[PDB]
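A lone chain, given as structure tokens: the form deposited in one PDB entry.
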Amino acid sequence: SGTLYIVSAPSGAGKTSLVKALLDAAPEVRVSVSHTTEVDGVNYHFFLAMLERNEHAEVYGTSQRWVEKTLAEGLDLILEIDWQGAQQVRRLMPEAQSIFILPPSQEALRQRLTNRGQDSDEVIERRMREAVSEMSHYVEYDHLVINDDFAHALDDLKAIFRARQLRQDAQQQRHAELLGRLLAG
């Protein structure tokens, strides 16, 4: 069986860039396709009536069907969700692992938001007003990655995922046969 990961970060901290690089070196890991209001089905399932017909939050929603089958197949799964979703998932599925990604400074956040070139010259300040409040939830997460130097932060992220696959539970499923041979007198 696989691990459920929650990855959260303020916009522009580097969560998208770190996860994409993590996936390139981690074939057993998938990323959940959120529904939100780019390619439909790849980045997101791109309305409210279908959503009301059945975690979810306004800041967006995570499809429940994909998660259940994926974990039972042994795949690890990353949810790129906000603190509201993280709280919902942690309540419904307490075994979920949570990782928070933070910038080295508030100004680096603004520079990255501005340098990404996807938001407006005022939405950067609109998102920054909520950025300090959003980052305050870092205390609710199992691990913290400070995305200063990208390469080091990628290593930090890979170490979390590798250490997790080395846990007792994961090693028992993946290396069951080796463990059996080791104890076979």
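Quick note: we count residues from 1 along the sequence shown, nothing fancier. The term rigid core refers to the maximal set of C-alpha atoms that superpose within 1.5 Å between the two forms.
Heads up, the form deposited in another entry isn't pictured, but that's what we're talking about next.
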Superposing on the rigid core, is the Cα displacement of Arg162 between the shown form and the other one 2 Å or more? no
Quick check on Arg65: with the core superposed, does its CA move 2 angstroms or more between the shown form and the other one? no
Threshold 2 Å Cα movement between the shown form and the other one for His152, core superposed: no
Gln84 and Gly12, C-alpha gap in that other deposited form relative to this structure (3 Å or more): closer
Flagged pair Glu130/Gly12: C-alpha distance shifts by 3 angstroms or more in that other deposited form. Which direction, closer or farther? closer
